[PDB]
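Structure below is entry-v6.cif: mmCIF, N, CA and C atoms.
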data_work
#
loop_
_atom_site.label_atom_id
_atom_site.label_comp_id
_atom_site.auth_asym_id
_atom_site.auth_seq_id
_atom_site.Cartn_x
_atom_site.Cartn_y
_atom_site.Cartn_z
N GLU A 1 -36.27 11.44 1.88
CA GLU A 1 -36.24 10.33 0.95
C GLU A 1 -34.83 10.10 0.44
N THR A 2 -34.03 11.16 0.36
CA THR A 2 -32.62 10.96 0.07
C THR A 2 -31.92 10.17 1.17
N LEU A 3 -32.21 10.49 2.43
CA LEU A 3 -31.64 9.73 3.54
C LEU A 3 -31.99 8.26 3.44
N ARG A 4 -33.20 7.95 2.97
CA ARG A 4 -33.60 6.56 2.85
C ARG A 4 -32.71 5.80 1.88
N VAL A 5 -32.06 6.50 0.95
CA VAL A 5 -31.13 5.88 0.02
C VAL A 5 -29.68 6.07 0.48
N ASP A 6 -29.47 6.88 1.52
CA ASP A 6 -28.14 7.02 2.12
C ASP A 6 -27.60 5.65 2.54
N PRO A 7 -26.59 5.09 1.85
CA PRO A 7 -26.15 3.73 2.18
C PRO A 7 -25.49 3.65 3.54
N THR A 8 -24.88 4.74 3.98
CA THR A 8 -24.02 4.71 5.14
C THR A 8 -24.80 5.03 6.41
N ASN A 9 -24.14 4.81 7.51
CA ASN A 9 -24.53 5.30 8.82
C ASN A 9 -23.39 6.04 9.49
N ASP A 10 -22.15 5.64 9.23
CA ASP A 10 -21.00 6.18 9.92
C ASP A 10 -20.33 7.29 9.13
N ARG A 11 -19.62 8.12 9.88
CA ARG A 11 -18.69 9.08 9.33
C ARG A 11 -17.70 8.42 8.38
N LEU A 12 -17.24 7.23 8.74
CA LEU A 12 -16.03 6.67 8.15
C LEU A 12 -16.27 6.19 6.73
N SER A 13 -17.40 5.54 6.48
CA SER A 13 -17.68 5.07 5.13
C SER A 13 -17.88 6.24 4.17
N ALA A 14 -18.49 7.32 4.65
CA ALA A 14 -18.62 8.51 3.82
C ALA A 14 -17.25 9.04 3.44
N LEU A 15 -16.38 9.18 4.44
CA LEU A 15 -15.03 9.64 4.17
C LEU A 15 -14.32 8.72 3.20
N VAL A 16 -14.58 7.42 3.32
CA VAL A 16 -14.00 6.43 2.43
C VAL A 16 -14.44 6.68 1.00
N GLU A 17 -15.73 6.88 0.79
CA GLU A 17 -16.23 7.09 -0.56
C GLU A 17 -15.70 8.38 -1.16
N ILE A 18 -15.50 9.40 -0.34
CA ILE A 18 -14.92 10.64 -0.83
C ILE A 18 -13.49 10.40 -1.30
N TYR A 19 -12.66 9.84 -0.41
CA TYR A 19 -11.30 9.45 -0.74
C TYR A 19 -11.26 8.60 -2.00
N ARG A 20 -12.29 7.78 -2.17
CA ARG A 20 -12.35 6.87 -3.30
C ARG A 20 -12.58 7.63 -4.59
N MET A 21 -13.60 8.49 -4.61
CA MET A 21 -13.91 9.25 -5.81
C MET A 21 -12.72 10.10 -6.22
N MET A 22 -12.00 10.64 -5.24
CA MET A 22 -10.90 11.53 -5.57
C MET A 22 -9.57 10.81 -5.73
N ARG A 23 -9.48 9.53 -5.37
CA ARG A 23 -8.26 8.75 -5.51
C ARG A 23 -8.65 7.30 -5.77
N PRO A 24 -9.21 7.00 -6.94
CA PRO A 24 -9.67 5.64 -7.22
C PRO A 24 -8.50 4.67 -7.33
N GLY A 25 -8.78 3.39 -7.08
CA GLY A 25 -7.79 2.35 -7.19
C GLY A 25 -6.95 2.15 -5.95
N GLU A 26 -6.78 3.17 -5.13
CA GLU A 26 -6.02 3.04 -3.91
C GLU A 26 -6.93 2.55 -2.78
N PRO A 27 -6.40 1.86 -1.77
CA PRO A 27 -7.24 1.48 -0.64
C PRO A 27 -7.39 2.65 0.33
N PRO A 28 -8.29 2.52 1.30
CA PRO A 28 -8.51 3.62 2.26
C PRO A 28 -7.54 3.56 3.43
N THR A 29 -7.15 4.73 3.91
CA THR A 29 -6.53 4.87 5.23
C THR A 29 -7.12 6.12 5.87
N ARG A 30 -7.39 6.04 7.17
CA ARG A 30 -8.19 7.03 7.87
C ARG A 30 -7.63 8.43 7.73
N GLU A 31 -6.42 8.62 8.27
CA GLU A 31 -5.84 9.95 8.35
C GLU A 31 -5.67 10.58 6.98
N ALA A 32 -5.42 9.76 5.96
CA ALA A 32 -5.35 10.28 4.60
C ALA A 32 -6.65 10.96 4.21
N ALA A 33 -7.76 10.23 4.29
CA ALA A 33 -9.05 10.79 3.90
C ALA A 33 -9.43 11.96 4.79
N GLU A 34 -9.07 11.90 6.07
CA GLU A 34 -9.43 12.98 6.98
C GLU A 34 -8.71 14.26 6.63
N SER A 35 -7.38 14.18 6.51
CA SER A 35 -6.61 15.36 6.15
C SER A 35 -7.04 15.88 4.79
N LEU A 36 -7.41 14.97 3.89
CA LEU A 36 -7.92 15.38 2.58
C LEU A 36 -9.19 16.20 2.73
N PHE A 37 -10.16 15.67 3.46
CA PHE A 37 -11.44 16.34 3.61
C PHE A 37 -11.25 17.71 4.21
N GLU A 38 -10.44 17.80 5.26
CA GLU A 38 -10.29 19.09 5.92
C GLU A 38 -9.45 20.06 5.10
N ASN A 39 -8.50 19.58 4.30
CA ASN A 39 -7.64 20.51 3.58
C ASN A 39 -8.32 21.02 2.32
N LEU A 40 -9.30 20.28 1.81
CA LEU A 40 -10.05 20.78 0.66
C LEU A 40 -10.80 22.06 0.98
N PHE A 41 -11.20 22.25 2.23
CA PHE A 41 -12.08 23.35 2.59
C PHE A 41 -11.66 24.11 3.82
N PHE A 42 -10.88 23.51 4.72
CA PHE A 42 -10.54 24.13 5.99
C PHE A 42 -9.06 24.43 6.14
N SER A 43 -8.25 24.17 5.12
CA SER A 43 -6.87 24.62 5.09
C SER A 43 -6.77 25.96 4.40
N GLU A 44 -6.17 26.92 5.08
CA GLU A 44 -6.01 28.26 4.55
C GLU A 44 -5.12 28.30 3.32
N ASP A 45 -4.33 27.26 3.08
CA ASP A 45 -3.34 27.31 2.01
C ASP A 45 -3.93 26.83 0.69
N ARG A 46 -4.82 25.85 0.76
CA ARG A 46 -5.34 25.18 -0.43
C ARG A 46 -6.71 25.70 -0.83
N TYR A 47 -7.15 26.79 -0.22
CA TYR A 47 -8.50 27.28 -0.45
C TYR A 47 -8.57 28.72 0.03
N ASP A 48 -9.03 29.62 -0.84
CA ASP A 48 -9.14 31.03 -0.49
C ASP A 48 -10.25 31.66 -1.30
N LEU A 49 -10.94 32.62 -0.68
CA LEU A 49 -12.08 33.25 -1.31
C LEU A 49 -11.75 34.59 -1.95
N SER A 50 -10.72 35.29 -1.46
CA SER A 50 -10.51 36.66 -1.90
C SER A 50 -11.74 37.46 -1.50
N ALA B 1 -2.40 -9.51 5.02
CA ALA B 1 -3.68 -9.56 4.33
C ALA B 1 -3.77 -8.47 3.26
N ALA B 2 -2.63 -8.09 2.70
CA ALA B 2 -2.58 -7.05 1.68
C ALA B 2 -3.11 -7.52 0.33
N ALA B 3 -2.91 -8.79 -0.02
CA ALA B 3 -3.53 -9.33 -1.23
C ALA B 3 -5.05 -9.31 -1.13
N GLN B 4 -5.60 -9.39 0.08
CA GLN B 4 -7.04 -9.27 0.25
C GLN B 4 -7.51 -7.86 -0.10
N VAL B 5 -6.68 -6.85 0.18
CA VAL B 5 -7.01 -5.49 -0.23
C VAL B 5 -7.05 -5.40 -1.75
N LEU B 6 -6.05 -5.99 -2.41
CA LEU B 6 -6.06 -6.07 -3.87
C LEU B 6 -7.35 -6.71 -4.36
N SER B 7 -7.80 -7.78 -3.69
CA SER B 7 -9.02 -8.47 -4.08
C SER B 7 -10.21 -7.51 -4.14
N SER B 8 -10.52 -6.85 -3.01
CA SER B 8 -11.67 -5.95 -2.97
C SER B 8 -11.51 -4.78 -3.93
N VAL B 9 -10.39 -4.06 -3.83
CA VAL B 9 -10.22 -2.84 -4.62
C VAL B 9 -10.28 -3.16 -6.10
N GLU B 10 -9.57 -4.20 -6.53
CA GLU B 10 -9.70 -4.70 -7.90
C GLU B 10 -11.14 -5.08 -8.21
N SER B 11 -11.87 -5.60 -7.23
CA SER B 11 -13.27 -5.95 -7.46
C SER B 11 -14.08 -4.72 -7.82
N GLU B 12 -13.64 -3.54 -7.37
CA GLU B 12 -14.27 -2.29 -7.77
C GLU B 12 -13.24 -1.20 -8.07
N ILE B 13 -12.10 -1.56 -8.68
CA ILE B 13 -11.23 -0.54 -9.27
C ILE B 13 -12.05 0.27 -10.27
N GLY B 14 -11.89 1.59 -10.21
CA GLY B 14 -12.54 2.46 -11.17
C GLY B 14 -11.77 2.52 -12.47
N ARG B 15 -11.73 1.39 -13.19
CA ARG B 15 -11.08 1.22 -14.49
C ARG B 15 -9.73 1.93 -14.57
N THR B 16 -8.99 1.92 -13.47
CA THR B 16 -7.66 2.50 -13.39
C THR B 16 -6.75 1.92 -14.46
N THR B 17 -5.84 2.75 -14.97
CA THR B 17 -4.81 2.33 -15.91
C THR B 17 -3.42 2.79 -15.51
N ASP B 18 -3.31 3.72 -14.57
CA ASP B 18 -2.01 4.23 -14.16
C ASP B 18 -1.20 3.13 -13.49
N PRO B 19 -0.02 2.77 -14.01
CA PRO B 19 0.82 1.80 -13.30
C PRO B 19 1.42 2.35 -12.03
N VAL B 20 1.40 3.66 -11.82
CA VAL B 20 1.94 4.22 -10.60
C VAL B 20 1.17 3.70 -9.40
N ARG B 21 -0.15 3.86 -9.44
CA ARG B 21 -1.01 3.34 -8.38
C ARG B 21 -0.81 1.84 -8.22
N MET B 22 -0.64 1.14 -9.34
CA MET B 22 -0.52 -0.31 -9.31
C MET B 22 0.75 -0.71 -8.57
N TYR B 23 1.86 -0.09 -8.94
CA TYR B 23 3.15 -0.42 -8.35
C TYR B 23 3.19 -0.05 -6.89
N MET B 24 2.62 1.10 -6.53
CA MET B 24 2.65 1.50 -5.14
C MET B 24 1.73 0.63 -4.30
N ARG B 25 0.58 0.26 -4.85
CA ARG B 25 -0.31 -0.67 -4.18
C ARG B 25 0.34 -2.02 -3.99
N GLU B 26 1.20 -2.42 -4.92
CA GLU B 26 1.84 -3.72 -4.81
C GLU B 26 2.97 -3.69 -3.79
N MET B 27 3.83 -2.67 -3.87
CA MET B 27 4.97 -2.61 -2.97
C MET B 27 4.53 -2.31 -1.54
N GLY B 28 3.39 -1.64 -1.36
CA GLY B 28 2.88 -1.43 -0.03
C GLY B 28 2.41 -2.70 0.64
N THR B 29 2.28 -3.79 -0.12
CA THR B 29 1.84 -5.05 0.48
C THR B 29 2.84 -5.55 1.50
N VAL B 30 4.04 -5.89 1.05
CA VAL B 30 5.08 -6.46 1.91
C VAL B 30 5.65 -5.34 2.76
N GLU B 31 5.60 -5.51 4.07
CA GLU B 31 5.96 -4.46 5.00
C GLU B 31 7.46 -4.53 5.28
N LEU B 32 7.98 -3.51 5.95
CA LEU B 32 9.39 -3.44 6.26
C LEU B 32 9.77 -4.54 7.23
N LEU B 33 11.07 -4.70 7.44
CA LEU B 33 11.63 -5.76 8.28
C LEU B 33 13.00 -5.25 8.70
N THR B 34 13.17 -5.03 10.00
CA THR B 34 14.21 -4.14 10.47
C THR B 34 14.87 -4.73 11.71
N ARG B 35 16.19 -4.52 11.78
CA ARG B 35 17.05 -4.76 12.93
C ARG B 35 17.36 -6.24 13.16
N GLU B 36 16.63 -7.14 12.50
CA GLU B 36 17.01 -8.54 12.41
C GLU B 36 16.78 -9.14 11.04
N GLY B 37 15.90 -8.58 10.22
CA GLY B 37 15.77 -9.05 8.86
C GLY B 37 17.08 -8.97 8.11
N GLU B 38 17.75 -7.83 8.25
CA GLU B 38 19.09 -7.65 7.71
C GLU B 38 20.01 -8.81 8.09
N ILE B 39 20.15 -9.07 9.39
CA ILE B 39 21.14 -10.05 9.79
C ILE B 39 20.68 -11.46 9.45
N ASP B 40 19.43 -11.84 9.74
CA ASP B 40 19.07 -13.24 9.55
C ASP B 40 18.99 -13.57 8.06
N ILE B 41 18.63 -12.60 7.23
CA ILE B 41 18.67 -12.83 5.79
C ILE B 41 20.11 -12.96 5.32
N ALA B 42 21.02 -12.16 5.90
CA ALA B 42 22.42 -12.32 5.55
C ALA B 42 22.93 -13.69 5.95
N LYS B 43 22.43 -14.21 7.07
CA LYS B 43 22.89 -15.51 7.54
C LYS B 43 22.24 -16.63 6.75
N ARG B 44 21.09 -16.37 6.15
CA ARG B 44 20.53 -17.33 5.21
C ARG B 44 21.35 -17.36 3.93
N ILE B 45 21.78 -16.20 3.47
CA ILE B 45 22.65 -16.14 2.30
C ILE B 45 23.99 -16.78 2.62
N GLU B 46 24.46 -16.58 3.85
CA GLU B 46 25.61 -17.30 4.37
C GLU B 46 25.39 -18.80 4.23
N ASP B 47 24.26 -19.30 4.73
CA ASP B 47 23.98 -20.73 4.69
C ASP B 47 23.99 -21.24 3.26
N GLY B 48 23.37 -20.50 2.34
CA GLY B 48 23.34 -20.92 0.95
C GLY B 48 24.72 -21.01 0.32
N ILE B 49 25.43 -19.88 0.28
CA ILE B 49 26.68 -19.89 -0.47
C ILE B 49 27.77 -20.66 0.27
N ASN B 50 27.59 -20.94 1.56
CA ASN B 50 28.57 -21.76 2.26
C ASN B 50 28.22 -23.23 2.15
N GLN B 51 26.94 -23.55 1.97
CA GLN B 51 26.58 -24.86 1.44
C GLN B 51 27.23 -25.05 0.08
N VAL B 52 27.30 -23.98 -0.71
CA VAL B 52 28.00 -24.07 -1.98
C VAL B 52 29.48 -24.35 -1.73
N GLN B 53 30.17 -23.49 -0.98
CA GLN B 53 31.61 -23.67 -0.79
C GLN B 53 31.94 -25.00 -0.12
N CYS B 54 30.98 -25.60 0.58
CA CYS B 54 31.09 -27.00 0.97
C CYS B 54 30.98 -27.91 -0.25
N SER B 55 30.05 -27.59 -1.16
CA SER B 55 29.91 -28.35 -2.40
C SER B 55 31.17 -28.25 -3.26
N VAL B 56 31.94 -27.18 -3.06
CA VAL B 56 33.09 -26.89 -3.89
C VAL B 56 34.22 -27.88 -3.65
N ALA B 57 34.12 -28.69 -2.60
CA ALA B 57 35.13 -29.70 -2.34
C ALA B 57 35.10 -30.77 -3.42
N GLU B 58 36.12 -31.63 -3.42
CA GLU B 58 36.12 -32.95 -4.05
C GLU B 58 35.57 -32.99 -5.47
N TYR B 59 36.29 -32.39 -6.42
CA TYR B 59 35.95 -32.51 -7.83
C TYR B 59 36.94 -33.37 -8.59
N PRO B 60 36.74 -34.69 -8.63
CA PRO B 60 37.42 -35.47 -9.68
C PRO B 60 36.98 -35.05 -11.07
N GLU B 61 35.72 -34.65 -11.21
CA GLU B 61 35.23 -34.12 -12.48
C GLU B 61 35.96 -32.83 -12.84
N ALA B 62 35.74 -31.78 -12.05
CA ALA B 62 36.45 -30.51 -12.21
C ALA B 62 37.82 -30.61 -11.55
N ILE B 63 38.66 -31.47 -12.14
CA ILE B 63 40.03 -31.62 -11.67
C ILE B 63 40.77 -30.30 -11.77
N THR B 64 40.40 -29.47 -12.74
CA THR B 64 40.96 -28.14 -12.82
C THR B 64 40.47 -27.36 -11.61
#
As structure tokens, how would this structure be written, given the file I've shared?
Amino acid sequence: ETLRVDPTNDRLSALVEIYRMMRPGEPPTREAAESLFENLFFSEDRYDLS
Amino acid sequence: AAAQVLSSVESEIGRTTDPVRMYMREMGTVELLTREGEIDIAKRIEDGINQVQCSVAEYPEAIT
């Protein structure tokens, strides 16, 4: 039922909304949002568990 | 079509107030112009101020 309210279908609009929430007012660019998404969780420098 | 980006984003700006984002969003509109913008703009300035120095002739008014 959550999927039924999922507005998107593509990877790209989801990435857009993420970039948006974290950087409001700016327009979207692909590589920006992509590098952002991956560096929040998959960059060893910006994320560590100890 | 950068003003069109302003249109949409402003249509749903998240009540932004930072002028930093505003200024960068504005200056990102007009794109660079290289290797002939320099020269042809200089030659337009040439045309203007040399139209002036042509105007600088024949002053019975400004006899000085």
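Considering only N, CA and C atoms, the residue among B:4, B:50, B:16, B:55 positioned nearest to chain A is B:16.
All chain A residues having an atom within 7 Å of chain B, based on only N, CA and C atoms, amount to residues 24, 25, 26 and 27 of chain A.
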Write out the residues from the selection above, keeping N, CA and C atoms, as a PDB file, keeping the file's coordinate frame.
ATOM      1  N   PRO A  24      -9.210   7.000  -6.940  1.00  0.00           N
ATOM      2  CA  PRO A  24      -9.670   5.640  -7.220  1.00  0.00           C
ATOM      3  C   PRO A  24      -8.500   4.670  -7.330  1.00  0.00           C
ATOM      4  N   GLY A  25      -8.780   3.390  -7.080  1.00  0.00           N
ATOM      5  CA  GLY A  25      -7.790   2.350  -7.190  1.00  0.00           C
ATOM      6  C   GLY A  25      -6.950   2.150  -5.950  1.00  0.00           C
ATOM      7  N   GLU A  26      -6.780   3.170  -5.130  1.00  0.00           N
ATOM      8  CA  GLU A  26      -6.020   3.040  -3.910  1.00  0.00           C
ATOM      9  C   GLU A  26      -6.930   2.550  -2.780  1.00  0.00           C
ATOM     10  N   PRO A  27      -6.400   1.860  -1.770  1.00  0.00           N
ATOM     11  CA  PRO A  27      -7.240   1.480  -0.640  1.00  0.00           C
ATOM     12  C   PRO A  27      -7.390   2.650   0.330  1.00  0.00           C
TER      13      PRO A  27
END
Requested in this report: Excluding region 32-48 of chain A and residues on its chain fewer than 2 positions from it, collect all residues at most 9 Å away from it, counting only C-alpha atoms, and give them as a PyMOL selection string.
Outcome: chain A and resi 15-16+18-20+28-30+50
For the residues in the current selection, export N, CA and C atoms as a tab-separated table (two decimals), in the coordinates of the input.
chain	number	residue	atom	x	y	z
A	15	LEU	N	-16.38	9.18	4.44
A	15	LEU	CA	-15.03	9.64	4.17
A	15	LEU	C	-14.32	8.72	3.20
A	16	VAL	N	-14.58	7.42	3.32
A	16	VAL	CA	-14.00	6.43	2.43
A	16	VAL	C	-14.44	6.68	1.00
A	18	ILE	N	-15.50	9.40	-0.34
A	18	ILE	CA	-14.92	10.64	-0.83
A	18	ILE	C	-13.49	10.40	-1.30
A	19	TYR	N	-12.66	9.84	-0.41
A	19	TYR	CA	-11.30	9.45	-0.74
A	19	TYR	C	-11.26	8.60	-2.00
A	20	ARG	N	-12.29	7.78	-2.17
A	20	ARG	CA	-12.35	6.87	-3.30
A	20	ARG	C	-12.58	7.63	-4.59
A	28	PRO	N	-8.29	2.52	1.30
A	28	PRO	CA	-8.51	3.62	2.26
A	28	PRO	C	-7.54	3.56	3.43
A	29	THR	N	-7.15	4.73	3.91
A	29	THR	CA	-6.53	4.87	5.23
A	29	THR	C	-7.12	6.12	5.87
A	30	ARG	N	-7.39	6.04	7.17
A	30	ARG	CA	-8.19	7.03	7.87
A	30	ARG	C	-7.63	8.43	7.73
A	50	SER	N	-10.72	35.29	-1.46
A	50	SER	CA	-10.51	36.66	-1.90
A	50	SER	C	-11.74	37.46	-1.50
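Secondary structure by DSSP on the backbone puts the following residues of chain A in alpha helix (DSSP H): residues 2, 3, 4, 5, 11, 12, 13, 14, 15, 16, 17, 18, 19, 20, 21, 22, 30, 31, 32, 33, 34, 35, 36, 37, 38, 39, 40 and 41 of chain A.
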Generate the output file for the selected residues, N, CA and C atoms, as a compact mmCIF listing (two decimals), keeping the file's coordinate frame.
# COMPACT_ATOMS: atom_id res chain seq x y z
N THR A 2 -34.03 11.16 0.36
CA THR A 2 -32.62 10.96 0.07
C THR A 2 -31.92 10.17 1.17
N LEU A 3 -32.21 10.49 2.43
CA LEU A 3 -31.64 9.73 3.54
C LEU A 3 -31.99 8.26 3.44
N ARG A 4 -33.20 7.95 2.97
CA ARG A 4 -33.60 6.56 2.85
C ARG A 4 -32.71 5.80 1.88
N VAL A 5 -32.06 6.50 0.95
CA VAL A 5 -31.13 5.88 0.02
C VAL A 5 -29.68 6.07 0.48
N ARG A 11 -19.62 8.12 9.88
CA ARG A 11 -18.69 9.08 9.33
C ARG A 11 -17.70 8.42 8.38
N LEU A 12 -17.24 7.23 8.74
CA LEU A 12 -16.03 6.67 8.15
C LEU A 12 -16.27 6.19 6.73
N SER A 13 -17.40 5.54 6.48
CA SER A 13 -17.68 5.07 5.13
C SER A 13 -17.88 6.24 4.17
N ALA A 14 -18.49 7.32 4.65
CA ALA A 14 -18.62 8.51 3.82
C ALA A 14 -17.25 9.04 3.44
N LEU A 15 -16.38 9.18 4.44
CA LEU A 15 -15.03 9.64 4.17
C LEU A 15 -14.32 8.72 3.20
N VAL A 16 -14.58 7.42 3.32
CA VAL A 16 -14.00 6.43 2.43
C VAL A 16 -14.44 6.68 1.00
N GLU A 17 -15.73 6.88 0.79
CA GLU A 17 -16.23 7.09 -0.56
C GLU A 17 -15.70 8.38 -1.16
N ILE A 18 -15.50 9.40 -0.34
CA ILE A 18 -14.92 10.64 -0.83
C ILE A 18 -13.49 10.40 -1.30
N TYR A 19 -12.66 9.84 -0.41
CA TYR A 19 -11.30 9.45 -0.74
C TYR A 19 -11.26 8.60 -2.00
N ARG A 20 -12.29 7.78 -2.17
CA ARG A 20 -12.35 6.87 -3.30
C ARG A 20 -12.58 7.63 -4.59
N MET A 21 -13.60 8.49 -4.61
CA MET A 21 -13.91 9.25 -5.81
C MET A 21 -12.72 10.10 -6.22
N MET A 22 -12.00 10.64 -5.24
CA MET A 22 -10.90 11.53 -5.57
C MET A 22 -9.57 10.81 -5.73
N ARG A 30 -7.39 6.04 7.17
CA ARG A 30 -8.19 7.03 7.87
C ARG A 30 -7.63 8.43 7.73
N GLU A 31 -6.42 8.62 8.27
CA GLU A 31 -5.84 9.95 8.35
C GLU A 31 -5.67 10.58 6.98
N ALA A 32 -5.42 9.76 5.96
CA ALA A 32 -5.35 10.28 4.60
C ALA A 32 -6.65 10.96 4.21
N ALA A 33 -7.76 10.23 4.29
CA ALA A 33 -9.05 10.79 3.90
C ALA A 33 -9.43 11.96 4.79
N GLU A 34 -9.07 11.90 6.07
CA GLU A 34 -9.43 12.98 6.98
C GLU A 34 -8.71 14.26 6.63
N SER A 35 -7.38 14.18 6.51
CA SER A 35 -6.61 15.36 6.15
C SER A 35 -7.04 15.88 4.79
N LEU A 36 -7.41 14.97 3.89
CA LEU A 36 -7.92 15.38 2.58
C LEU A 36 -9.19 16.20 2.73
N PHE A 37 -10.16 15.67 3.46
CA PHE A 37 -11.44 16.34 3.61
C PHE A 37 -11.25 17.71 4.21
N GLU A 38 -10.44 17.80 5.26
CA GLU A 38 -10.29 19.09 5.92
C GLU A 38 -9.45 20.06 5.10
N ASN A 39 -8.50 19.58 4.30
CA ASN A 39 -7.64 20.51 3.58
C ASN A 39 -8.32 21.02 2.32
N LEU A 40 -9.30 20.28 1.81
CA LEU A 40 -10.05 20.78 0.66
C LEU A 40 -10.80 22.06 0.98
N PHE A 41 -11.20 22.25 2.23
CA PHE A 41 -12.08 23.35 2.59
C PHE A 41 -11.66 24.11 3.82
Report summary line: As a check of understanding: the span from CA of residue 48 (chain B) to CA of residue 29 (chain B) is 26.7 Å
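Counting from atom C of residue 1 (chain B), the distance to atom N of residue 40 (chain B) is 24.3 Å.
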